[PDB]
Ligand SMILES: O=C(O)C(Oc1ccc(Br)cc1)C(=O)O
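First, one chain by itself: the form deposited without the ligand, in structure tokens.
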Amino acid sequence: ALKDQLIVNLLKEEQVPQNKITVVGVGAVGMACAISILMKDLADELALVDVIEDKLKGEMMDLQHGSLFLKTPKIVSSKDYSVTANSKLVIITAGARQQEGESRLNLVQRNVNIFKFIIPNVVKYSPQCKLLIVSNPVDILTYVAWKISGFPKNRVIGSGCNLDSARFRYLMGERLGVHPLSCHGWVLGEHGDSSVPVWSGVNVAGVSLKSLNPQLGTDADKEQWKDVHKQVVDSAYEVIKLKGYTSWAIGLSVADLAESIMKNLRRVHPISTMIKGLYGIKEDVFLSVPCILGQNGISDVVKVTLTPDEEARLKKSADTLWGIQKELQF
């Protein structure tokens, strides 16, 4: 054989991937996660799982054909979860998505049913994985993943408000003429209608914008900064209305979270976690708060100081989400 003429093999294999990531679902969100992760060099192996064989194989092939331009030497796919074995991070994007005028919360019974199959099959083959949930309603489905998997809370993460805050910071940037990296501000709570802009923390160079205008984000605000939060809440729906779905931004947001996990960075992200014990919340609610993210998932939670109004808005989001949790049928 030509190969053996050209190459002397010196070593019996033992290929056990060291930085493997799995993306479950090859819809537009999942493939946006994939290309973003590939282009950030975060993994030595990428596996894709879905239920439509042809679509899955074609997406796998299309990525493989770009390998020259990449640094991820093994891209694989199967309907069978054994392909995901030894993943450090498994990203769940499968399930029904919201239509125009439909709340993400309306997706819950359909995606719970799907999760009942996906989660046990995922955790089966990857004892070291973190589970990053992207499917919606993301906060409820992170709770669901946690309950079905039996994983400890640090290992079950929801993409949560990482995108909402990125959007908030983009829109703020545009108003001030400053790059979003230098515009700081947190949208917490539900990834959806009841999210909470934390005006008290919104700043450039440590300068509190609320300190300069204490009516920031209220109806009295002459510059109507609340509209920036409204734009954040409406963003997914506006993009859905224009191009049919969203993909690129969530892909990049998920890639940003993957980077923190895979590279043990311990950056702070507003992502879905259990918050029993904070802000007077006494039940097992999952919602976005600022969490320190690394190789063991969420190891630490930042206790954001909230005004009485912000705290009320967060408890409100927490009641909403708990109310849907009480509808869950395991």
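We number the residues from 1 along the sequence you see. Just so we're on the same page, rigid core means the largest C-alpha set that superposes within 1.5 Å between forms.
RMS Cα shift after core superposition in 8 other deposited structures of this protein, winner of 74-82 and 101-109
With the rigid core fitted, 101-109 is the stretch that strays more in 8 other deposited structures of this protein.
Looking at C-alpha RMS in 8 other deposited structures of this protein with the core superposed, is it 91-99 or 221-229 that drifts more?
With the rigid core superposed, the C-alphas that lie farther in 8 other deposited structures of this protein are those of 91-99.
Mean C-alpha B-factor higher for 280-288, or for 266-274?
In the deposited entry, the stretch with the higher C-alpha B-factor mean is 280-288.
With respect to the recorded C-alpha B factors, which stretch has the higher mean value, 295-303 or 26-34?
The deposited B-factors put 295-303 ahead on the C-alpha mean.
With respect to C-alpha B-factor, does residue 318 fall in the lowest, middle or highest third of the chain as deposited?
For residue 318, the deposited C-alpha B-factor lands in the middle third.
Would the CA B-factor of residue 41 place it in the lowest, middle or highest third of its chain?
Middle third - that is where residue 41 ends up once the chain's C-alpha B-factors are sorted.
Rank-wise, by C-alpha B-factor, drop residue 117 into the lowest, middle or highest third of its chain.
For residue 117, the deposited C-alpha B-factor lands in the highest third.
Taking the C-alpha B-factors as the PDB entry records them, is residue 129 in the lowest, middle or highest third of its chain?
Residue 129: CA B-factor falls in the middle third of its chain.
Relative to the other modelled residues in the chain, which third contains the C-alpha temperature factor of residue 236: lowest, middle or highest?
Within its chain, residue 236 is a middle-third residue by C-alpha B-factor, going by the deposited values.
Separately, the form deposited with the ligand bound exists; it is not shown, and the next lines address it.
Counting only non-hydrogen atoms and a 4.5 angstroms cut-off, does residue 210 reach the ligand in the deposited complex?
Although the ligand is absent here, residue 210 would stay clear of it in the deposited complex, with no heavy atoms inside 4.5 Å.
May I ask you to state whether residue 87 is within 4.5 Å of the ligand in the deposited complex, using heavy atom distances?
No, no contact at 4.5 Å.
So in the deposited complex, does residue 135 come within 4.5 Å of the ligand, heavy atom to heavy atom?
Yes, residue 135 sits close enough to the ligand in the deposited complex that at least one of its heavy atoms falls within 4.5 Å.
is_contact(residue 93, the ligand) in the deposited complex, heavy atom dist at most 4.5 Å:
Judged by the heavy-atom cut-off of 4.5 Å, residue 93 is in contact with the ligand in the deposited complex.
Only one of 200, 126, 154, 246 comes within 4.5 Å of the ligand in the deposited complex by heavy atoms, so just point that one out.
Of the candidates 200, 126, 154, 246, 246 is the one lying within 4.5 Å of the ligand in the deposited complex.
Pick from 172, 75, 252, 236: which has a non-hydrogen atom within 4.5 Å of the ligand in the deposited complex?
Only one listed residue qualifies here, and that residue is 236.
Location of the ligand contact in the deposited complex, chosen stretch of 219-227, 172-180, 202-210, 96-104 [non-hydrogen atom, 4.5 Å]
Within 4.5 Å of the partner lies stretch 96-104.
Using heavy atoms and a 4.5 Å cut-off, decide whether 163, 167 and 191 all contact the ligand in the deposited complex.
Checked in the deposited complex: all three residues contact the ligand.
Residue by residue through 295-330, which ones have a non-hydrogen atom no more than 4.5 angstroms from the ligand in the deposited complex?
Going through 295-330 in order - heavy atoms within 4.5 Å of the ligand in the deposited complex - there are no hits.
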